[PDB]
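Coordinate inspection notes
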Amino acid sequence: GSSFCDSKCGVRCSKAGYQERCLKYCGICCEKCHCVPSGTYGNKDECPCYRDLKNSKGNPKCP
């Protein structure tokens, strides 16, 4: 992503301790989705694109 989403995901991750990797992933998940919710869980409302994100175990491929 760019600096435009840097603020979107930047929020999604901050108190993760390793957001460094989050911002990385989210950044991509933000590139595929093209949108990201503002907040740490419970904000998906804005963009559930992150909530729908599910893997084989239905888990969020992203952080």
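Listed under the method field of the entry is solution NMR.

As annotated in the PDB entry, the protein carries the name Peamaclein and comes from Prunus persica. The title assigned to this entry in its PDB record is "solution structure of Pru p 7". Under the Sequence similarities heading, UniProt states for the protein: "Belongs to the GASA family."

**Some points on the side chain of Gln19**
Within the secondary structure, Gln19 is located in helix α2 (residues 19-33). Within the structure, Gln19 has its side chain in polar contact with the backbone oxygen of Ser14 (distance 2.5 Å). Not counting residues up to four positions away in its chain, the partners in contact with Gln19 are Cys13, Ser14 and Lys24.

**Observations regarding the packing of aromatic side chains**
Following the criterion strictly, the structure yields zero aromatic pairs and no others. A cation over an aromatic ring shows up here: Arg12 above the ring of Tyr50, its NZ or CZ 3.6 Å from the ring centre.

So, how was this worked out
- Residues numbered from 1 in each chain as written, not as in the entry; some residues may be left out.
- Heavy atoms only, no water.
- UniProt positions renumbered as here; feature names shortened; annotations may be inferred.
- Helix = DSSP H or I, 4+ residues; strand = E, 2+ residues; numbered from the N terminus.
- Polar contact = N/O pair within 3.5 Å; in protein donor to acceptor, adjacent residues only side chain to side chain.
- Contact = heavy atoms within 4.5 Å.
- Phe/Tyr/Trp six-rings, centres within 6.5 Å; stacked < 30°, edge-to-face > 60°.
- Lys NZ or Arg CZ within 6 Å of the ring centre and 35° of its normal.

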